[PDB]
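Quick heads-up: the structure tokens below are two forms of one chain, split into structure 1 and structure 2.
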Structure 1
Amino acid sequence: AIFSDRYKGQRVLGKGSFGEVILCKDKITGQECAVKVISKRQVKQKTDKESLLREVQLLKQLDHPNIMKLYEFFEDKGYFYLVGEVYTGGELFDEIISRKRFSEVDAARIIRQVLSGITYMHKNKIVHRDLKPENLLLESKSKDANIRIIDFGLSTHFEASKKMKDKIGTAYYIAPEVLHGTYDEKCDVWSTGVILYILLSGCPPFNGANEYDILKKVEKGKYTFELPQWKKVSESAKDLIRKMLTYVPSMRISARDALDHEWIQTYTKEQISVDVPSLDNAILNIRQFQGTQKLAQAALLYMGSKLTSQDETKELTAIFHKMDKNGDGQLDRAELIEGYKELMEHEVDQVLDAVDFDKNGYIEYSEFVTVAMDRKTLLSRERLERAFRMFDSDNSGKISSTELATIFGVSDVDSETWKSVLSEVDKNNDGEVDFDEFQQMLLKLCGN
């Protein structure tokens, strides 16, 4: 059984953990689904194929409304294809940052869903390990929509990449016992407790200027409710957080018992019978937090994309050159289409639209190369601008040096490195950059 016999790719949904996620369609029934493609080359497996096959078969039999449904598994020489249900409501936090009000009740309802899914998976001896906001998808972009946890069980069978683009934000949520090697299902209670802490305060409990600093705080395991905005939170919420963030896992509360907690019982009642002051500073803080995480991620993806497009520009010109038997540097539509296929049609026609509107004759392939690549980088360049604009909440058009330190810290760009690049971009900078200057910094940070 081969993937492509059954499913056609329709559009890309993003990169997730361990590989690329594509919206696909059953060639017969028309059913839409999401497929995660895991490159055996790029991604090492942890276990034997028999363990993987067994766990997959188990996952297919399981069903819970807060757990992503897996439908099917395929393999060829180069890839694993994991087929499941597609959710269209986006990441939980990207929804939360658009709300005007957010109370403990809203936090409780979110966290009861997470604990419910986790409790069910732990019953089946499946551990997540990498539970974080990015793994909480909504069935629709609405405060009322159901949460689906994605990626349960993957970490048991696949080794995580050490590329920073892949691991942004991971440090905040990882259980200390995972850092040290001996872990079990209790690590997912810790990650949920970190998420709960963030929902209620807008700030991670273990925080720091870069990956090492954050991890050092997680390992020490010390955190407080020192911040001002913890005064607006019930002692009951805090009590559950203490139990979920208990250091020694055998002393840490279970997911089952966290569902039973007074706070969950009391605040997830259909009928709101308790006070619901909007946690206004927490929303402002969560927005700052999400914006920063998205801009750091976008920055890394932009630099990644500029390197990829550099190679591909070279390859494409080489390819067209071989095909250019005339040596006149002009090709027809047909030749351009095969050349672009060779690199790895409607995209060729969009390029020719710009290059020769009338299509009177042949195309300067050099002009085609530019447009092809100098457009194809759009999604990363516009996503970068969108993240910058979003981060810039006051519409100042600038990011301060303090904010750059944060953004780059999160991004593992060395402090002295980005300041040197800043100096090259603008000798007379005054501790702030506009979008173009920021983009100039990123180009210089990836050898451009």
Structure 2
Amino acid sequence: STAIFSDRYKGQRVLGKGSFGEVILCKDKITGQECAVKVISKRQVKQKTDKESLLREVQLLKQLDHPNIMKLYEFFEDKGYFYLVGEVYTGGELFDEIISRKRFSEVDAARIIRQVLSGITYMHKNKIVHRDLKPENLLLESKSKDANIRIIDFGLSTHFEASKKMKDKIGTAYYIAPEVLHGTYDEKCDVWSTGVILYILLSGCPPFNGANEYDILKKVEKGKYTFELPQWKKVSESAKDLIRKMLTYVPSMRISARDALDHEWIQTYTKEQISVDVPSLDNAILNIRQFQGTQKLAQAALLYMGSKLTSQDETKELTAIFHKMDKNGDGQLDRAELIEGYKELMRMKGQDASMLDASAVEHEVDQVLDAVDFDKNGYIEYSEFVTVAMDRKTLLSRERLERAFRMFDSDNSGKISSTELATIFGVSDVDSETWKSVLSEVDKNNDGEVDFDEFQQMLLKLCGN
């Protein structure tokens, strides 16, 4: 009597994309309980462990409870997917919220890091290491101002091989502990990462930085950072001392999460009354707004490139599936076949995680047919169904590209400088000669700035079109 995910949950909408897979907002078909389901495709992510080991982990994680740790409820596995069912949080990533404040101080930073250390300490007590700890993994419980922080993805790194695809590792290099690179690591790597996050919260820049991923890893691996920037003048010795102890090279000498919790800086700046000297850190908030925008734009760039490539793969495949089922040779089909075909795209592709059952397909087809000026129930021309169907998929990633572009263009200039692109393509790890070569060909008269149409053409060229 084996339990199947879609007998129990129905997908409502897509919340976003995390490490290892898609996150879908799901709903229990009997109780109406809402849940965020991480869908990990077995074809894209290799396991590092055996079946036994992972189930034992899942059982343990379901029994753990802490106010700063995402709550896991259920776990399903079928032939091509793992489904991790957790509590849904609606407050978004930490940094996205933080850029929307107009004021931020050492009291606010300290309240954040106390939360984080407190979830970590708890998990280390139960011998669970995060390993991939970074700002994207800190969500706020709700859209409330006073919202708690929940750490997501504890436990996954020990059982799943991380993606090599750069679309999946944007922004990991800044946070990873030297010893994780060399392969002998323990729980202290989580303190390093938190130490980095605190450095960024107090200055707005990463302690280890570089023009591309491998440059960033080389700094980290050397382990040298400095407090020499102007904005460190605004910050207590005490906080710098904690940072130093968290960013200590040799893990055996690095402070534990639990001893970090008792550190003077945390004690002083997390007492709710005393604000003995609490300047706003506007430079920090300004640098963080820039650093965040850069990342989210590179991220959306690569997901747009990926979506375009996925699209070409799926358009040609869907066309061939239909061309085959069309025994007539005319180009005409009906609703129930379009559905059988779309489904068979899914059986082969298995890329779309909001199509978690036969009923998700039915409704997608109806959304397509209701879009085209076509009776959803006479005989339809497959050619035009394929066009509308695929674009509808490129919507999410094309509209988000435009939006991450607008959000990056903070002065509403309409354009990004050649210097800004350099930073954008550095972070997306697209070779410099290669993007200059593409720019040169889009606008052959340009003067080191591109508008949105131009930028988008560059991306289409960088994925072979």
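Sequence positions of structure 1, starting at 1, serve as the residue numbers. For the two forms, the rigid core is made up of the largest set of C-alpha atoms that agree within 1.5 Å on superposition.
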(message) Assuming a two-part rigid motion between the two structures, is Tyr183 grouped with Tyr7?
(response) yes
(request) Rounded to whole degrees, state how far the smaller rigid part rotates against the larger between the two structures. (result) 10
(request) Taking the rigid core as fixed, quantify in angstrom how much the C-alpha of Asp358 shifts between the two structures. (result) 8.9
(request) Would you look up how far the C-alpha of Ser415 moves between the two structures when the rigid core is overlaid, in angstrom? (result) 0.2
(request) Check the Cα of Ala334 between the two structures on a core superposition and give its shift in Å. (result) 5.9
